[PDB]
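Source file: upload.tsv; contents: TSV, C-alpha atoms.
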chain	number	residue	atom	x	y	z
Y	415	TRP	CA	50.37	78.30	79.35
Y	416	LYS	CA	48.24	81.22	78.11
Y	417	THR	CA	45.85	80.27	80.93
Y	418	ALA	CA	47.76	77.88	83.22
Y	419	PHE	CA	50.13	80.40	84.83
Y	420	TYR	CA	50.40	84.18	85.00
Y	421	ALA	CA	53.13	86.74	85.62
Y	422	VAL	CA	52.41	90.23	86.97
Y	423	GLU	CA	54.94	92.95	86.14
Y	424	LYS	CA	55.12	96.10	88.26
Y	425	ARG	CA	58.51	97.81	88.00
Y	426	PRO	CA	61.77	96.95	86.20
Y	427	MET	CA	65.21	97.09	87.80
Y	428	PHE	CA	66.61	100.32	89.21
Y	429	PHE	CA	70.12	101.18	90.40
Y	430	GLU	CA	71.13	104.06	92.65
Y	431	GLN	CA	73.96	105.26	94.83
Y	432	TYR	CA	73.17	104.82	98.53
Y	433	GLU	CA	74.08	108.12	100.16
Y	434	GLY	CA	74.79	107.47	103.81
Y	435	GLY	CA	77.08	104.62	104.75
Y	436	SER	CA	79.30	105.90	101.95
Y	437	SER	CA	82.32	106.98	104.01
Y	438	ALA	CA	84.17	108.65	101.11
Y	439	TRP	CA	85.94	105.33	100.51
Y	440	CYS	CA	83.35	102.53	100.44
Y	441	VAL	CA	80.89	103.68	97.80
Y	442	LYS	CA	77.84	101.47	98.28
Y	443	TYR	CA	75.36	100.92	95.45
Y	444	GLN	CA	71.79	99.68	95.82
Y	445	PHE	CA	69.36	98.18	93.34
Y	446	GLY	CA	65.94	96.61	93.21
Y	447	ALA	CA	62.97	95.42	91.20
Y	448	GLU	CA	59.38	94.36	91.79
Y	449	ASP	CA	57.11	91.80	90.12
Y	450	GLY	CA	55.43	88.49	90.83
Y	451	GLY	CA	53.40	85.58	89.53
Y	452	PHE	CA	50.69	83.06	90.31
Y	453	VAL	CA	48.86	80.05	88.88
Y	454	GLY	CA	45.52	79.92	87.11
Y	455	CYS	CA	43.31	76.85	87.19
Y	456	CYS	CA	46.06	74.24	87.48
Y	457	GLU	CA	44.11	71.62	85.55
Y	458	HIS	CA	45.18	72.68	82.04
Y	459	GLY	CA	48.55	70.97	82.10
Y	460	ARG	CA	50.23	67.88	83.53
Y	461	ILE	CA	53.73	66.71	84.39
Y	462	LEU	CA	55.41	63.59	82.99
Y	463	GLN	CA	57.66	62.03	85.64
Y	464	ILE	CA	59.14	58.57	86.20
B	415	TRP	CA	119.45	114.69	99.78
B	416	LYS	CA	118.49	116.01	96.34
B	417	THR	CA	119.34	112.48	95.17
B	418	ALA	CA	119.69	110.46	98.41
B	419	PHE	CA	116.07	110.36	99.63
B	420	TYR	CA	112.88	110.93	97.65
B	421	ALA	CA	109.47	112.08	98.88
B	422	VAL	CA	106.46	111.23	96.72
B	423	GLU	CA	103.11	113.02	96.84
B	424	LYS	CA	99.88	111.90	95.16
B	425	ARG	CA	96.88	113.91	96.41
B	426	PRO	CA	96.90	117.24	98.27
B	427	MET	CA	94.86	116.88	101.44
B	428	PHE	CA	91.14	117.01	100.69
B	429	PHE	CA	88.19	117.69	102.99
B	430	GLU	CA	84.52	116.85	102.57
B	431	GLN	CA	81.40	116.99	104.71
B	432	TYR	CA	80.55	113.42	105.68
B	433	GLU	CA	77.06	113.05	104.25
B	434	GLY	CA	75.29	110.53	106.44
B	435	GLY	CA	75.92	110.79	110.16
B	436	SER	CA	75.46	114.55	109.70
B	437	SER	CA	72.00	115.95	110.36
B	438	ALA	CA	69.98	119.15	110.78
B	439	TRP	CA	71.74	119.58	114.15
B	440	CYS	CA	75.28	118.28	113.52
B	441	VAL	CA	77.88	118.16	110.76
B	442	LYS	CA	80.54	115.53	110.08
B	443	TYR	CA	83.75	116.23	108.15
B	444	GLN	CA	86.31	113.85	106.73
B	445	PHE	CA	89.74	114.52	105.22
B	446	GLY	CA	92.53	112.53	103.63
B	447	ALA	CA	95.78	112.65	101.71
B	448	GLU	CA	98.28	110.30	100.07
B	449	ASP	CA	102.04	110.58	100.48
B	450	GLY	CA	105.12	108.46	100.96
B	451	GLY	CA	108.83	108.23	100.43
B	452	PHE	CA	111.84	106.03	99.86
B	453	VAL	CA	115.61	106.18	99.74
B	454	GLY	CA	117.50	106.86	96.54
B	455	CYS	CA	121.18	105.95	96.37
B	456	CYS	CA	121.83	105.38	100.03
B	457	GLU	CA	125.49	104.87	99.18
B	458	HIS	CA	125.58	108.67	98.87
B	459	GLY	CA	124.98	109.77	102.43
B	460	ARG	CA	126.87	108.88	105.57
B	461	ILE	CA	126.08	108.94	109.28
B	462	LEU	CA	128.15	110.01	112.29
B	463	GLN	CA	127.64	108.13	115.56
B	464	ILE	CA	129.48	107.68	118.87
Whole structure given in structure tokens:
Amino acid sequence: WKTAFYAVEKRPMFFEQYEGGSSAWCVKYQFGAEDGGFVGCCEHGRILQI
Amino acid sequence: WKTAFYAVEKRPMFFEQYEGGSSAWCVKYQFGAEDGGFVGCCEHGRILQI
């Protein structure tokens, strides 16, 4: 797995109040994160199935 | 009435500029308050009718 697959990390989670839409009663919070992944040469590795 | 009917108050009326929906050419304002009441010993008072 040190060469079969790969994970790219860009930005961890973030939380923030969403000003606008907040009508002094319904406080609306927003959050997000960003990252991804992909495969290397998918020959190093196999899958045992029935 | 000092013991027949009770009026309960929670929050004096509050105002606030409604952020969101208010822009460089308009302003939105929003107010609210919380009050209520109930009867105490309604065996105290009496009513006169026809």
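Identical in sequence, chain B and chain Y superpose with a Cα RMSD of 1.2 Å when all alpha carbons are matched in order.
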field: Residues of chain Y within 9 Å of chain B, only C-alpha atoms counted, as number ranges by chain
entry: Y: 433-438
message: Residues near residue 457 of chain Y, anyone? I mean within 12 Å using all atoms listed in the file, not counting same-chain ones fewer than 6 positions away, as a ChimeraX atom specification.
response: /Y:415,417-419
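Among B:441, B:453, B:461, B:447, the residue with the shortest atom-to-atom distance to residue 421 of chain B, counting all atoms listed in the file, is B:453.
A straight line drawn from atom CA of residue 424 of chain B to atom CA of residue 452 of chain B is 14.1 Å long.
Between atom CA of residue 448 of chain B and atom CA of residue 422 of chain B there is a distance of 8.9 Å.
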field: Separation of atom CA of residue 420 of chain B from atom CA of residue 459 of chain B, in Å and rounded to one decimal
entry: 13.1 Å
With all atoms of segment 439-458 of chain B from the file as input, state the centre and edge lengths in Å to one decimal of the axis-aligned box that has 6 Å extra on each side, as JSON.
{"center_x": 98.7, "center_y": 112.2, "center_z": 105.3, "size_x": 65.8, "size_y": 26.7, "size_z": 29.8}
query: Pick the closest to residue 428 of chain Y from Y:443, Y:451, Y:462, Y:456: which is it, counting only C-alpha atoms?
result: Y:443
Is it possible to add N, CA and C atoms to segment 441-455 of chain B and hand it back as an mmCIF file, in the coordinates of the input?
data_model
loop_
_atom_site.group_PDB
_atom_site.id
_atom_site.type_symbol
_atom_site.label_atom_id
_atom_site.label_comp_id
_atom_site.auth_asym_id
_atom_site.auth_seq_id
_atom_site.Cartn_x
_atom_site.Cartn_y
_atom_site.Cartn_z
ATOM 1 N N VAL B 441 77.172 118.257 112.028
ATOM 2 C CA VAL B 441 77.880 118.160 110.760
ATOM 3 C C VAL B 441 79.118 117.304 110.968
ATOM 4 N N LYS B 442 79.371 116.390 110.037
ATOM 5 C CA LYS B 442 80.540 115.530 110.080
ATOM 6 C C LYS B 442 81.456 115.851 108.907
ATOM 7 N N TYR B 443 82.758 115.921 109.172
ATOM 8 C CA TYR B 443 83.750 116.230 108.150
ATOM 9 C C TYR B 443 84.835 115.169 108.171
ATOM 10 N N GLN B 444 85.428 114.968 106.997
ATOM 11 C CA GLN B 444 86.310 113.850 106.730
ATOM 12 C C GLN B 444 87.369 114.313 105.736
ATOM 13 N N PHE B 445 88.637 114.074 106.056
ATOM 14 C CA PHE B 445 89.740 114.520 105.220
ATOM 15 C C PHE B 445 90.727 113.386 105.015
ATOM 16 N N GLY B 446 91.559 113.554 103.991
ATOM 17 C CA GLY B 446 92.530 112.530 103.630
ATOM 18 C C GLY B 446 93.575 113.060 102.681
ATOM 19 N N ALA B 447 94.661 112.297 102.569
ATOM 20 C CA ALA B 447 95.780 112.650 101.710
ATOM 21 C C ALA B 447 96.648 111.419 101.510
ATOM 22 N N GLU B 448 97.465 111.446 100.456
ATOM 23 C CA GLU B 448 98.280 110.300 100.070
ATOM 24 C C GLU B 448 99.710 110.734 99.800
ATOM 25 N N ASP B 449 100.638 110.236 100.612
ATOM 26 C CA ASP B 449 102.040 110.580 100.480
ATOM 27 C C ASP B 449 102.897 109.403 100.909
ATOM 28 N N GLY B 450 104.174 109.471 100.554
ATOM 29 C CA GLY B 450 105.120 108.460 100.960
ATOM 30 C C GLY B 450 106.529 108.888 100.637
ATOM 31 N N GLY B 451 107.447 107.938 100.749
ATOM 32 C CA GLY B 451 108.830 108.230 100.430
ATOM 33 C C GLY B 451 109.643 106.962 100.361
ATOM 34 N N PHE B 452 110.884 107.128 99.919
ATOM 35 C CA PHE B 452 111.840 106.030 99.860
ATOM 36 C C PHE B 452 113.235 106.623 99.817
ATOM 37 N N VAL B 453 114.226 105.752 99.827
ATOM 38 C CA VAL B 453 115.610 106.180 99.740
ATOM 39 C C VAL B 453 116.067 106.032 98.297
ATOM 40 N N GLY B 454 116.942 106.935 97.875
ATOM 41 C CA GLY B 454 117.500 106.860 96.540
ATOM 42 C C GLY B 454 118.753 106.013 96.560
ATOM 43 N N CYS B 455 119.893 106.635 96.288
ATOM 44 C CA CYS B 455 121.180 105.950 96.370
ATOM 45 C C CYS B 455 121.701 106.115 97.789
#
